[PDB]
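What follows is a single structure, written as structure tokens, with notes after it.
Residue numbers run from 1 in the order of the sequence given. Excluded from the calculations below are hydrogen atoms, water molecules and symmetry mates; all remaining heavy atoms, backbone and side chain alike, are included.
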Amino acid sequence: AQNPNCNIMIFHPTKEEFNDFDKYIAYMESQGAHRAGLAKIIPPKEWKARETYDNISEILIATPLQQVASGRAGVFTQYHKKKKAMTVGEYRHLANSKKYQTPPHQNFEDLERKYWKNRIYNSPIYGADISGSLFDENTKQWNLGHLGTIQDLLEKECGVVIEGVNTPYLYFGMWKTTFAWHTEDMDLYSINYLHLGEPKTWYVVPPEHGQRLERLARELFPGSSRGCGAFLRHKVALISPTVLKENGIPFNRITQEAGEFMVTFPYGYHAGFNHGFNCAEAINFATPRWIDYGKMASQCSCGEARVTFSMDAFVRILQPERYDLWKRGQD
Ligand SMILES: O=C(O)CNC(=O)C(=O)O
Ligand SMILES: [Mg+2]
Ligand code: NI
Ligand SMILES: [Zn+2]
């Protein structure tokens, strides 16, 4: 069995190997990459996402989200308070202000310490989930707006033809902006490219151990667990590495830098934080190996998780027994 310790693997494809996206994902899996839940892919030196970022400040963040924490430093939830619209140029200036900027630090490890010590005492503003792309249309390799769609994968593997679309999303971050512990919708893959700016630190639980994280989360967030049998779908709960280690939960960590891709694999729980002003692009995708994870994915039916249009068909076809309850939670 390849990668039996479930370590995060780092790949350096050549320009030739960067041509065929599906083939390279399958290659990484042949080497056991999926066992970690997360892999890093460093593009060949010849590749670029676009020529420059000199022209992005006019993008609008229609609904910036202030991430307000409750709990203790290592075990907390966050709620998203909506803020007035602002441009990327306005948000960059805000990120760089004395109130929000990254503090002085020695290295990534020192910054990670400071994040976990102090996160809860601040409320950073995240421009998340913005439909759009920063890949140049002429970038042919690993262009996250030109991937094969999940609907087409389901049609190819299963024969069924469904509605829905699959487009990328932009994320503008600042110091301490946080992504809570989650798997993807329908336990899909994700791919994330850090276009520019400061790093993103990731934590991940191997898919084979995801239920260990779920059981800890039920212990640590007991009212949320009574409310919903899949409350991590709400994407609000944070648990620190120290708390994970105290409770014996297997996990790994890695820091993504600008110019790097990360892939999350089906049912790989992940969480993390931004080091300073940055911009990432991410999208969900599927492969044949996903289908069995999609069939078994948990679902939130309590009403909180509310998701895209395109998830309807996935539930309807892969999980027809659950469909009626889940759709009630959507409506
Ligand atoms: O970058 C972020 O805030 C969150 N991204 C993801 O969870 C992802 O790419 O799957
Ligand atoms: Mg612009
Ligand atoms: Ni994710
Ligand atoms: Zn729920």
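Here the side chain of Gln31 pairs no donor or acceptor atom with the backbone of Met28 at under 3.5 angstrom. In terms of modelled atom types and a separation under 3.5 Å, the side chain of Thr308 and the main chain of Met311 share no donor-acceptor contact. For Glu304 (side chain) and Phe231 (main-chain N/O), no donor-acceptor pair under 3.5 Å exists by modelled atom type. With hydrogens and angles ignored, the 3.5 Å screen pairs a side-chain donor or acceptor of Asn107 with a backbone N or O of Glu109. Judged by distance alone, with hydrogens and angles left aside, the side-chain atoms of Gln319 form a donor-acceptor pair with the main-chain N or O of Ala297 at under 3.5 Å. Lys99 places no side-chain N or O within 3.5 Å of a backbone atom of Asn96 that could act as its donor or acceptor partner. Remark: the backbone N or O of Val243 is paired with a side-chain donor or acceptor of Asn247 at under 3.5 angstrom. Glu157 places no side-chain N or O within donor-acceptor distance of the main-chain N or O of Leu154, the cut-off being under 3.5 Å.
If you look at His146 and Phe135, their ring centroids are not closer than 6.0 Å. The aromatic ring centroids of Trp181 and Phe76 lie 6.0 Å or more from each other. Between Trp175 and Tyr100, a ring centre-to-centre spacing not shorter than 6.0 Å is recorded. Here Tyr171 and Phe179 keep their ring centres 6.0 angstrom or further from each other. Taking the six-membered ring wherever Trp is involved, the centroid distance between the rings of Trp47 and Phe261 falls below 6.0 Å.
The two residues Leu170 and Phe172 make their nearest non-hydrogen contact at CB-CE1, 4.1 Å. The two residues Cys158 and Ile291 have their closest heavy-atom pair at SG-CD1, 4.1 Å. Residue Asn55 comes nearest to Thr52 through the heavy atom pair OD1-OG1, 4.2 Å, listed as atom of the first residue, atom of the second, then distance. Residues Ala180 and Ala271 come closest through the heavy atom pair C-CB, 3.9 Å. The minimum heavy-atom distance between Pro43 and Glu260, with the atom names listed, is CD-CA, 4.3 Å. The two atoms that bring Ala33 and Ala39 nearest to each other are CB-CB, 4.3 Å, heavy atoms only.
Side chain to side chain, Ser298 and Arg233 meet the donor-acceptor criterion of an N or O pair below 3.5 Å. A donor-acceptor contact closer than 3.5 angstrom is absent between the side chains of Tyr79 and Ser70. One side chain, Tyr269 or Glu214, offers a donor N or O that lies under 3.5 Å from an acceptor on the other. A donor-acceptor contact under 3.5 angstrom links the side chains of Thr183 and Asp187, judged on distance only. Under the 3.5 Å distance criterion, with hydrogens and angles disregarded, a donor-acceptor pair is assigned to the side chains of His195 and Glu281. In summary, the side chains of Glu184 and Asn284 do present a donor paired with an acceptor at a separation below 3.5 Å, with no hydrogens or angles considered. Side-chain atoms of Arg35 and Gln2 form no donor-acceptor pair, as typed in the model, at a separation below 3.5 Å. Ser224 and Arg218 form no side-chain donor-acceptor contact under 3.5 Å, judged by distance and modelled atom types alone.
Linking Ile, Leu, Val, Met, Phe, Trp and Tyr whenever their side-chain heavy atoms come within less than 4.5 Å leaves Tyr27 and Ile42 in two separate clusters. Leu194 is not connected to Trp142 by any chain of hydrophobic side-chain contacts under 4.5 Å among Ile, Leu, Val, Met, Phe, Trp and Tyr, and they are in different clusters. Under a hydrophobic-cluster definition in which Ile, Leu, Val, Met, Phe, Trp and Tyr are linked whenever side-chain heavy atoms come within less than 4.5 Å, directly or via other members, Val236 and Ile120 are assigned to different clusters. Note on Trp326: it does not cluster hydrophobically with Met296, by side-chain heavy-atom contacts below 4.5 Å among ILVMFWY residues.
In the hydrophobic clustering, where aliphatic and aromatic side chains (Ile, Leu, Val, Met, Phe, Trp, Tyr) are joined below 4.5 Å either directly or transitively, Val161 stands alone.
Under the rule for a salt bridge (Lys or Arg N to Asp or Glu O under 4.0 Å), the partners of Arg113 that lie at least two apart in sequence or sit in another chain are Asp110. Legend: residues meeting side chain to side chain contact (heavy atoms under 4.5 Å, CB included) with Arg289, ordered by chain and number and at least two apart, are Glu29, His34, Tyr189, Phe265, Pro266, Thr287, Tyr293. With sequence neighbours excluded, the residues that form a side chain to side chain contact (heavy atoms under 4.5 Å, CB included) with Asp292 are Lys295.
Atom CD1 of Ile150 is separated from atom CG of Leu188 by 4.5 Å, given to the nearest 0.5 angstrom. Remark: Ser133 OG to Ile283 CD1 distance equals 8.5 Å, nearest 0.5 Å. Rounding to the nearest 0.5 Å places CG of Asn3 at 11.5 Å from OG of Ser30. Residue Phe221 holds its CZ atom at 13.5 Å from CZ of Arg226, rounded to the nearest 0.5 Å. With rounding to the nearest 0.5 angstrom, the CG atom of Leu144 is 9.5 Å from the OH atom of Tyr193. If you take CG on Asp136 and CZ on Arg50, they are separated by 6.5 Å, rounding to the nearest 0.5 Å.
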Next item on the list: Start with the C-alpha distance between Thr178 and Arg119, add both sets of side-chain angles, then the distance that settles side chain to side chain donor-acceptor pair (under 3.5 Å), and finish with yes or no.
Entry: CA-CA 9 Å; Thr178 302; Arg119 160 69 186 96; 3.0 Å; yes
Next item on the list: Decide yes or no on side-chain contact (heavy atoms from CB on, under 4.5 Å) for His234 and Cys302, but give the supporting numbers first.
Entry: CA-CA 10 Å; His234 307 166; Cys302 74; 3.4 Å; yes
Checklist line | side-chain contact (heavy atoms from CB on, under 4.5 Å) evaluation trace for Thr102 with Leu111 | finding: CA-CA 9 Å; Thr102 317; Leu111 194 70; 3.8 Å; yes
Next item on the list: Please test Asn166 against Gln151 for side-chain contact (heavy atoms from CB on, under 4.5 Å), starting from the C-alpha separation and ending with a verdict.
Entry: CA-CA 8 Å; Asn166 176 208; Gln151 293 80 18; 3.6 Å; yes
Next item on the list: Run the numbers on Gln67 and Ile125 for side-chain contact (heavy atoms from CB on, under 4.5 Å), then give the verdict.
Entry: CA-CA 6 Å; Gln67 303 187 293; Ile125 292 170; over 6 Å; no
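In the displayed structure, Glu16 atom CD is contacted under 6.0 Å by more than 12 heavy atoms of other residues, nucleotides or ligands. Remark: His93 NE2 is loosely packed, at most 12 non-hydrogen atoms of other residues, nucleotides or ligands lying under 6.0 Å away.
The shortest distance between side-chain heavy atoms of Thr87 and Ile61 does not fall below 4.5 Å. For the pair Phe285/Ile25, a side-chain contact is recorded, criterion being any heavy-atom separation below 4.5 Å from C-beta on. Looking at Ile8 and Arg253, their side chains never come closer than 4.5 Å, going by heavy atoms from C-beta outward.
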Name every donor-acceptor pair, under 3.5 Å, that has one atom in a side chain of residues 196-206 and the other anywhere in the protein, sequence neighbours excluded.
unit_1: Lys200; atom_1: NZ; unit_2: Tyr126; atom_2: OH; d: 3.2
unit_1: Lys200; atom_1: NZ; unit_2: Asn274; atom_2: OD1; d: 2.9
unit_1: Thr201; atom_1: OG1; unit_2: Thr255; atom_2: OG1; d: 2.8
unit_1: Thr201; atom_1: OG1; unit_2: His275; atom_2: NE2; d: 2.7
unit_1: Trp202; atom_1: NE1; unit_2: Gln256; atom_2: OE1; d: 2.9
unit_1: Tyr203; atom_1: OH; unit_2: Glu112; atom_2: OE2; d: 2.6
unit_1: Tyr203; atom_1: OH; unit_2: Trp116; atom_2: NE1; d: 2.9

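Under the 6.0 Å distance and 45° angle rule, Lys15 does not count as a cation-pi partner of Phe18.
Listed by first and then second residue, the salt bridge (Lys or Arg N to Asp or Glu O under 4.0 Å) pairs involving residues 309-321 are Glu163-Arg316, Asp312-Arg316 (not counting sequence neighbours).
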